[PDB]
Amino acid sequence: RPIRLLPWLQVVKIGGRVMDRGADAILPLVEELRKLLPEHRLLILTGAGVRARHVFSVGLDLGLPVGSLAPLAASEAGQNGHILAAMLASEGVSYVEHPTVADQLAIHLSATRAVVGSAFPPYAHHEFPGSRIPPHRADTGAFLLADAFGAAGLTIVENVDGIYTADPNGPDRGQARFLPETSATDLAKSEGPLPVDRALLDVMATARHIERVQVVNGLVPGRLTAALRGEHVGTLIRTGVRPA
């Protein structure tokens, strides 16, 4: 298998809809991130959240193809990254652009304990056709990066406890059972909504390093910290990479 470029890296993806809750969610998360800086080397990647739904609404009304919507959504994830990085600026943390993440992450994590970037991948007008909704979104981009780097882990910080059998905020909330552990292949064979991109399951099938990804509730202080220590406080997704 490929070498691990940054084996000591921990990647943390912050859901766009967590950021959408504003200070009430972001301030505790920022304080938890502050306390984690001396413990881990962090690449923190932000998703897009509700503003990308609005630009999808406008863009779809204008007829625009999926390669046009993808960078419009990625912009919102970028804005969330600038917001979160500004909150950690006094700890030495800055937002870094995609080319910098791609080619200079090692020197930036040598300069400082964590950086923030956009979790969306730069598929832009080369997004795949099929759905009118860009398939390679924040979870998928974060996993692609984390696995490409051979990072020690990827933790997905959600506004719910993890993955359920139904949307726990949707019409079928009453049937929704929590899944403490699942495999990407089992999730991929289900139909129904998930809190993670469907494309995340596909890139997990071809992953080379990351064996598990935990989805944890960023609205509960301490769960991110516990997850980064391997404690089981959300849904573990087994990628189907086998351990040694």
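Note that residue numbering follows the sequence shown and begins at 1.
Looking at 12-20 and 232-240 together, the entry lists the larger mean B-factor for 232-240, computed on C-alpha atoms.
The deposited model assigns a higher average Cα B-factor to 166-174 than to the other stretch when 68-76 and 166-174 are compared.
Within the selection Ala111, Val96, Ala138, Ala85, the deposited Cα B-factor values reach their highest point at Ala111. Considering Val215, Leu179, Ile44, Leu27 together, the PDB entry gives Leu179 the largest C-alpha B factor. Looking at the C-alpha B-factors along this chain, the one for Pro193 belongs to the highest third. Ranked by Cα temperature factor within the chain, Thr100 sits in the highest third according to the deposited record.
Compared with the other modelled residues of the chain, the Cα B-factor recorded for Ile3 ranks in the highest third. Remark: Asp147 belongs to the lowest third of its chain, ranked by C-alpha B-factor as recorded. When all modelled residues of the chain are sorted by CA temperature factor, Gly130 is found within the highest third.
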